[PDB]
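Peer 1: If you're matching them up, the sequences are chains A, B, C, D, E and F in order.
Note that my numbering gives residue 48 to position 49 of the first sequence, counting from 1, and the numbers run on in steps of one.
Note that my numbering gives residue 89 to position 90 of the second sequence, counting from 1, and the numbers run on in steps of one.
Note that my numbering gives residue 46 to position 47 of the third sequence, counting from 1, and the numbers run on in steps of one.
Note that my numbering gives residue 90 to position 91 of the fourth sequence, counting from 1, and the numbers run on in steps of one.
Note that my numbering gives residue 99 to position 100 of the fifth sequence, counting from 1, and the numbers run on in steps of one.
Note that my numbering gives residue 17 to position 18 of the sixth sequence, counting from 1, and the numbers run on in steps of one.
6 protein chains.
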Amino acid sequence: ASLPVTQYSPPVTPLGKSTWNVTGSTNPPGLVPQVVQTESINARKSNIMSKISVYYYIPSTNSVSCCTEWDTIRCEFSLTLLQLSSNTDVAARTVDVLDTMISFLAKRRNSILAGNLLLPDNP
Amino acid sequence: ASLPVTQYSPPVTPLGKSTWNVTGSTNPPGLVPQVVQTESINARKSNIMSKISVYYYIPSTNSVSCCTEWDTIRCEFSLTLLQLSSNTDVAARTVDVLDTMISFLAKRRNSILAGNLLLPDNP
Amino acid sequence: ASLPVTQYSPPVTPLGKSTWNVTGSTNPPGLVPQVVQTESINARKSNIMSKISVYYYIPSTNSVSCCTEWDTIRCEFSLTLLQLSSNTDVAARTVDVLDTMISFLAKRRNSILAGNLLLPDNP
Amino acid sequence: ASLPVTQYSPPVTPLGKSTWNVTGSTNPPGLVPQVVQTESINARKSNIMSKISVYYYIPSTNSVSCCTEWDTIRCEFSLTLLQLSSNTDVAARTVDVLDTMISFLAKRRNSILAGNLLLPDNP
Amino acid sequence: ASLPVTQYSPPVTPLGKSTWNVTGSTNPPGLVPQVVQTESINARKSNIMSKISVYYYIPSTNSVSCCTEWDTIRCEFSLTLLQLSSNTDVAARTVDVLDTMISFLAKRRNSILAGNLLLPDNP
Amino acid sequence: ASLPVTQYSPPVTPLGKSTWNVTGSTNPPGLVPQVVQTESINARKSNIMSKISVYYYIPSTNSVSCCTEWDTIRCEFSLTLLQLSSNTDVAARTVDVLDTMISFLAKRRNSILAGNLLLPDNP
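1. Could you name the residues of the region 54-80 of chain C whose beta carbon sits closer than 8 Å to any beta carbon of chain D, in the order they occur along the chain?
2. Determine, for A/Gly23, whether the minimum Cβ-Cβ distance to residues of chain B falls below 9 Å.
3. Below 7 Å on C-beta distance, what does A/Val11 contact in chain E?
4. For chain E, is any of its Cβ atoms less than 9 Å away from the one on C/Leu30?
5. Look at C/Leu78 and C/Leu97 and say whether their C-beta atoms are less than 9 Å apart.
6. Quick check: the Cα distance between F/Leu14 and F/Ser39, rounded to an integer number of angstroms?
7. Between A/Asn115, A/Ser102, A/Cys74, which lies nearest to A/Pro122 when the distance is taken from Cα to Cα?
8. Buried or exposed, going by whether 16 or more other CB atoms sit within 10 Å of the CB of A/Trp19?
9. Within 9 Å of any Cβ in chain A, is that where the Cβ of C/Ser45 sits?
10. Out of curiosity, what's the CA-to-CA distance linking F/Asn46 and F/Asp95?
11. Between the region 79-93 of chain F and the region 42-58 of chain F, are three or more C-beta pairs nearer than 8 Å?
12. Could one say the Cβ of F/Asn115 lies closer than 9 Å to chain C's Cβ atoms, at least one of them?
13. Going by C-alpha distance, which of D/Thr99, D/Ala105, D/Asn61, D/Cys65 is nearest C/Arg92?
14. Identify whether D/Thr93 lies in helix, strand or coil by the three-state DSSP scheme.
15. Checking contacts by CB at 9 Å: is A/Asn86 closer than that to chain B?
16. Quick one: does A/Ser52 have its CB under 9 Å from some CB of chain C?
17. Do the CB positions of A/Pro32 and A/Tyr54 come within less than 9 Å of each other?
18. Which residues in chain E sit within 7 Å of F/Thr18, going by Cβ to Cβ distance?
19. Taking A/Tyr56 as the reference, give the member of A/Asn86, A/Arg73, A/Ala42 with the closest Cα.
20. Does B/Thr93 get closer than 9 Å to chain A when you measure Cβ to Cβ?
21. When the cut-off is 9 Å and only beta carbons count, does E/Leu118 lie next to chain C?
22. Contact check, C/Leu104 vs C/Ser110 under 8 Å by CB: the rounded distance?
23. So with CB distances below 8 Å, who are the chain C contacts of E/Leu83?
24. Enumerate in chain order the residues of its own chain whose CB-to-CB distance from E/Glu75 is below 6 Å, with the five nearest sequence positions on each side excluded.
25. Quick one: grab the DSSP three-state call for C/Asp70.
26. Look at A/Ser59 and B/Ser59 and say whether their C-beta atoms are less than 9 Å apart.
27. At 3 residues or longer, what runs of the beta strand (DSSP E) sit wholly inside the region 28-74 of chain D?
28. Excluding five sequence neighbours on each side, which residues of the same chain lie with their C-beta closer than 8 Å to the C-beta of A/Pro3?
29. Taking the alpha-carbon of B/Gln36 as reference, which of B/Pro28, B/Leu30, B/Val11, B/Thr99 has the nearest alpha-carbon?
30. Going along the chain, which residues of its own chain have a beta-carbon closer than 6 Å to the beta-carbon of E/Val89, five neighbours each way excluded?
31. If we ignore side chains and look at the alpha-carbon of each, how far apart do B/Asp120 and A/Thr67 end up?
32. Out of curiosity, what's the CA-to-CA distance linking C/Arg108 and C/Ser1?
33. Quick check on A/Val63: buried or exposed, where buried means 16 or more other Cβ atoms within 10 Å of its Cβ?
34. Give the straight-line distance between the Cα atoms of F/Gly114 and C/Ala42, rounded to the nearest whole angstrom.
35. Determine, for E/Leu104, whether the minimum Cβ-Cβ distance to residues of chain C falls below 9 Å.
36. Based on DSSP bridge pairs, tell me the residues matched to A/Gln6.
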């Protein structure tokens, strides 16, 4: 289930960070699950990295206890946008790469969620 | 457009690497675009990392030339599967995190592809 | 008398700085009295500091002279918002603390303005 | 809600410290919430600092446990009283600065309590 | 001919940078011609520098080749806004200085464009 | 208002400096406001820099006093004329860059004069 979100820190400039907070969380505010989109330039200014990061902070136990730690379910995504290429195929091929990524997230959902390469493709 | 693929190196064990090759590519075989799924254990065996990586090798110019270099369009995805947590919410919350990732890839497609945080959500 | 202000640098993100300028000032622009609100995270991300700062730049003499220096009337306020506490009383108690602060600013106004602890409470 | 207080250490001299204790607290006496007013002279005797400090000691958990720590909700206020200025505006302008402080505590109450600069002014 | 522009990074605060991109450019995106306005404070806070910068990236050759480098046509403008002056003429005189700058850009256009001081004033 | 000028040091060679003095100034002659046009070659002889500089010397106070200092309102302009480029677009594009500079000086006049990026374009 896609988590419900509201934009906490809105986008300011084309580059930088934007953050959404997951609404309805029960944990303290500093541990509210977050989604962060990042658009950053490389040092040599050859690539722009587009990143999405989902940090879901979950307690190590079902109930509150003294040994209760905070684990983090992390889901990361990054994509390279070439900035200095003379090849006009770059845009269409970046689109194709992103679509292949989404298709594989669908195709290998069970394998990804179970940590087992041997599971067949999702139906 | 999702790229067409055929499985080149098939899965062997639950952990490790599996690779698909993009079919119909024109570049030399060592530069055939690839999709790699990785399932790896952490050192302390606390997390299993599920990764998907799309490497699309594209020439720096539209035609063949002597200064033709090979740029790489890279798209990476990773997800942490907690292995030592007593919290029974871990499975459902990892599912929710993956779904939030996919939802955000849909929601921010234009921003991700353009490298501009200020673009509105995709319709 | 509350000074009249207009927002000079508006808020950009939930954290950071916002500044208002005092309108109708006679001193040069770089010495315009300012009000600055700051929302900053701690290093360990345990607290968010909410700060208000009033800097009123006033000349050391009544008229312009060669030895005229610029003194600063500074008024600072800070409040700690706990971000990682499991105690649900934190919000109501932070509200109570802020209200106690305002009540004491009323109660001890003469003492605060005169620099004398012995003055009785304001009527 | 303004907390109820009784004067614990009364003012002795114009400079120094005076302390009030919050009545009806349940925590041990050494952790009774306190309000401290301070009137101190600068080293060069140019300023008198008038300070108010509210320390509210709150347990990290709702109930008593072995990992129960004691967090502190801190609210600080300071004001500079110039002592060596020949400008006769100093008194009225310090009054204006204090009033601006109180007005801003009213104006930005929600932002201060939430740690978010983007919240609109309180109605 | 004035180049057509669209605002890429909009102004955020009174100080900082704002950037416009030149529309309709044929070179790769990282080499899109840019116009940057900067408003920065001096270290001693005596001056505010207002700057405009036009960076036009142009290939060293008319056609694409392996030795094709990227030259930059740079046009810079700066103006000092005094922030701590008691002279009330500062505003009108800064206006006069800016107008003299524009008048000289008109008067010496041919000389500026040809790199020859001896050319007569433009008609 | 464009300042009135008379040519003090006339142009001698295509490269070098030419200076105009602002007429009707009240300050001593060594502090007469000046406009300087410079045409200089780069070390590697790749660029010719065309520069215009307006130095307006203004007293720090409205009247004569013993602490009266002399501030300088500085307005600088520079343009790069490529000297070793085989691209025939260089001339037209340098013209376009200069026109973009003038257009932006018109477009952002209020922002430039106020030191505030947030001001809207001039009407």
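Every residue gets a Cβ at the ideal spot worked out from N, C-alpha and C, and that includes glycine.
Peer 2: Short version:
1. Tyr55, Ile57, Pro58, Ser59, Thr60, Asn61, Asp70, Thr71, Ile72, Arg73, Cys74, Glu75, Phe76, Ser77, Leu78, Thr79, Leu80
2. no
3. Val11
4. Taking Cβ atoms only, chain E reaches closer than 9 Å to C/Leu30, which makes this a yes.
5. yes
6. 6 Å
7. Of the candidates A/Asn115, A/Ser102, A/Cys74, the one whose C-alpha sits nearest the C-alpha of A/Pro122 is A/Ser102.
8. buried
9. yes
10. 17 Å
11. yes
12. yes
13. D/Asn61
14. Looking at D/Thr93 - three-state DSSP - the assignment turns out to be helix.
15. yes
16. no
17. In contact: A/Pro32 and A/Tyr54 (Cβ atoms closer than 9 Å).
18. Residues of chain E passing the Cβ test: none, with the nearest at roughly 11 Å.
19. A/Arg73
20. At least one chain A Cβ lies under 9 Å of B/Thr93.
21. no
22. Rounded, the Cβ-Cβ distance is 11 Å, inconsistent with contact.
23. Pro27, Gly29, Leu30
24. Excluding positions up to five away in sequence, the list reads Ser52.
25. If DSSP states are grouped into helix, strand and coil, C/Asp70 belongs with the strands.
26. no
27. Note on the region 28-74 of chain D: whole beta strand (DSSP E) runs with a minimum of 3 residues are 33-40, 46-58, in chain order.
28. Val21, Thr22, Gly23
29. B/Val11
30. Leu81
31. 38 Å
32. 15 Å
33. exposed
34. 33 Å
35. So no, E/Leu104 is outside the interface.
36. A/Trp19
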